[PDB]
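**Student:** Could you have a look at this structure, given as structure tokens, before my questions?
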Amino acid sequence: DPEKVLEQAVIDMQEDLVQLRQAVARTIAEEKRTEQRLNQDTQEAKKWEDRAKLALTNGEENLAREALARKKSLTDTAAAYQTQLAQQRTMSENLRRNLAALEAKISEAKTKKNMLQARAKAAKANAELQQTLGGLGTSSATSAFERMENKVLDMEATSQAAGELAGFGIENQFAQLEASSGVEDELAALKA
Amino acid sequence: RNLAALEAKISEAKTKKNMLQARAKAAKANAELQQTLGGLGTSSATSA
């Protein structure tokens with residue numbers, strides 16, 4: 001589901017920056033190591049030259065030229081690794097900007113993601129409320145009210161239906177009552 | 001405003017509902033009494 005995928009992408013970015021941080025460690029490891037190499041190399045060059053310089057005056061001259069050839073060969077190795085160092089340096093700062101660029105991407109993606117979810121979730125909640133408030137076209141609570149109101153109207157009808165019979169015998173009987181009723185009215189005329 | 005509108009709907013629905021039930025229940029009770037009083041057409045106590 002998109003909710004799950006979306007936060008998963010956030011989680012992925014957290015792994016990514018961690019991977020890039022060690023990758024930084026790997027490149028920097030070679031900067032350190034290649035400093036170490038040049039530092040050694042420059043010593044080695046001097047050292048055997050020093051042996052050779054005494055060897056000029058002392059015993060075998062010829063042997064000193066061998067030591068110098070070894071020295072010089074190694075000097076070439078150092079210069080070759082100086083070439084490699086240049087590649088390291090340039091690549092390193094390229095990687096530094098690439099991390100910063102990714103960090104910007106992540107930062108924006110995360111903030112956008114958060115407000116995207118929030119404003120969407122808020123909107124749907126509002127819509128659910130307006131629907132349930134409104135009942136546009138039809139609203140079931142009124143239909144339930146109506147059902148029991150139909151029963152009221154039925155009972156109302158039925159109640160006056162008992163009245164509909166209740167009247168129609170009585171007129172015979174009532175006439176006898178009214179004769180008696182007139183008598184007490186005649187007693188009032190007597191008292192007057 | 002939508003809450004206030006609903007609150008009005010609820011308030012009226014409830015008061016209407018209450019008096020609807022009461023007046024209906026009162027009416028049926030009256031009708032039951034008038035029937036049992038009257039025996040219009042026939043009345044079993046007179047038959048006994």
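**Student:** Hey, if you put +1 on the Cβ of every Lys and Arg and -1 on every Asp and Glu Cβ in segment A:1-92, which of A:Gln36, A:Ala64, A:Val10 ends up farthest toward the positive end of that dipole?
**Tutor:** A:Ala64
**Student:** Now for a different question. With charges only on Cβ, +1 for K and R and -1 for D and E, what is the dipole size of the protein assembly as shown about its Cα centre, in debye, rounded to 20?
**Tutor:** With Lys and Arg at +1 and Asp and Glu at -1, about 1940 debye.
**Student:** Specify which residue in the list A:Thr111, A:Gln131, A:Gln22 is farthest towards the positive end of the charge dipole of chain A, using unit charges on the beta carbon of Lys, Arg (+1) and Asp, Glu (-1), about the Cα centre.
**Tutor:** A:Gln22
**Student:** Quote the charge dipole size of segment A:1-144 about the Cα centre in Debye, to the nearest 20; the model charges only the Cβ of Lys and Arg (+1) and of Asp and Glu (-1).
**Tutor:** 240
**Student:** With runs of 4+ DSSP H residues as the only contributors, calculate the mean residue ellipticity of chain A at 222 nm using -39,500 (n - 2.57) per run, divided by the residue total and rounded to the nearest 500.
**Tutor:** The per-residue figure over chain A is -35000 deg cm²/dmol.
**Student:** A further question follows. Using 0.36 nm per residue, how much length does the chain from A:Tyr81 to A:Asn172 gain when fully extended, once their Cα-Cα distance is taken away?
**Tutor:** 19.3 nm
**Student:** State to the nearest 20 debye the size of the charge dipole of chain B about its Cα centre, where the only charges are +1 on K and R beta carbons and -1 on D and E beta carbons.
**Tutor:** Rounded to the nearest 20 debye, it is 300 debye.
**Student:** Let a ≥ b ≥ c be the square roots of the eigenvalues of the Cα gyration tensor of segment A:1-40; is it rounded (a/c under 1.5), or, if not, prolate (a/b larger than b/c) or oblate?
**Tutor:** Prolate.
**Student:** I would also like to ask the following. Treat the count of other C-beta atoms within 10 Å as a stand-in for reagent exposure and order A:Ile106, A:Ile11 from fewest to most.
**Tutor:** Going from least to most buried by this count: A:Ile11, A:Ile106.
**Student:** Something else now. Got a sec? How would B:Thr15, A:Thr142 order by Cβ neighbour count within 10 Å, fewest to most?
**Tutor:** Fewest-to-most ranking of B:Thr15, A:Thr142: B:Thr15, A:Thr142.
**Student:** Continuing with the same structure: Between A:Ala23 and A:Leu190, what length comes free when the chain is fully extended (0.36 nm per residue of separation minus the Cα-Cα distance, one decimal in nm)?
**Tutor:** Result: 47.3 nm gained on full extension.
**Student:** Using the charge dipole of the protein assembly as shown (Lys, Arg: +1 at Cβ; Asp, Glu: -1 at Cβ; taken about the Cα centre), state which of A:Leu85, A:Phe168, A:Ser140 has its Cα farthest towards the positive end.
**Tutor:** A:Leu85
Cβ sites come from the backbone with ideal geometry, for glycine too, and all protein chains shown count toward neighbours. FYI, it's all coordinate maths here, none of it is from the lab.
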